[PDB]
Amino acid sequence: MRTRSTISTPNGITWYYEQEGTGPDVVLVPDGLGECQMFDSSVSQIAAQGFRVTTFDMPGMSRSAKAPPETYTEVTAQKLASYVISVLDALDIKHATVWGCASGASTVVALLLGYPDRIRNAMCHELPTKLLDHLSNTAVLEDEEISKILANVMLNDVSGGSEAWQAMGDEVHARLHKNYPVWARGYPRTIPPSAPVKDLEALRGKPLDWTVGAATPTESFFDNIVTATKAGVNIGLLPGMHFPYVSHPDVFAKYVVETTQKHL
């Protein structure tokens, strides 16, 4: 039985969250678009090994839109990590395995470095380190135009699995539509300079497992592979591209349970 509910933290945010299972805590942090329906299948799968899976829409996005604008403007890994630690406190999750991709990747590594006693271990996927003008220049377009462009970027380039993407259904895509603009204005300019990955030595030794999409063009996260390898951090691949939990749930959920298990 999945809990589907809301909970409020004292930084102004009213979070939509979901939760399934009994066991050590695994937390699935969404990517930029902040939409936790993307995890729905994997939540059940991971929970059926013995875990309590929690996930949530991110502040300003989908059903967690009731939040103050500092929460979704000029966003940074550090800020997102603050927010995630606040919803974790509210749900009395003391010790969590965490996953996160893209801005979620940034967020979990910043969790891992900033709050070592709270994070059993962290899985980051395709952590953004470089600015990226095609994305960034959409911020100053009108809402709606942005939605047309970003919707299309997600669909054709970057799911790694376009059928699966579309199959999320009309509701989810209606929520994403409203999300694109807030993301375009809040994330692409400011997330990458915040990357907590410039201090190689702080990564060394940490319980961190880093991945990239197998199908993703080598240029997109070449830097993740260089950085991880210099820092001794475990790195490898998942199938697809930027959303392994949409395109390849079964392998995604396997990878999460299997990696969590290593750090118990």
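Just count from 1 along the sequence shown to find any residue number.
- As listed in the deposited structure, the average C-alpha B-factor of 135 to 143 and of 170 to 178 is greater for 135 to 143.
- For the two regions 195 to 203 and 38 to 46, the entry's Cα B-factors average higher over 195 to 203.
- Highest C-alpha temperature factor among 79, 130, 125, 118, as the PDB entry reports it: 130.
- In the PDB entry, the Cα temperature factor peaks, among 102, 153, 109, 91, at 153.
- Residue 18: CA B factor lies in the middle third for its chain, per the PDB record.
- In this PDB entry, residue 149 carries a Cα temperature factor that places it within the highest third of its chain's modelled residues.
- Among the modelled residues of the chain, residue 96 sits in the highest third by CA temperature factor in this PDB entry.
- For residue 184, the recorded CA B-factor ranks within the middle third of the chain. Only modelled residues enter the ranking.
- Sort the modelled residues of the chain by CA B factor and residue 159 lands in the highest third.
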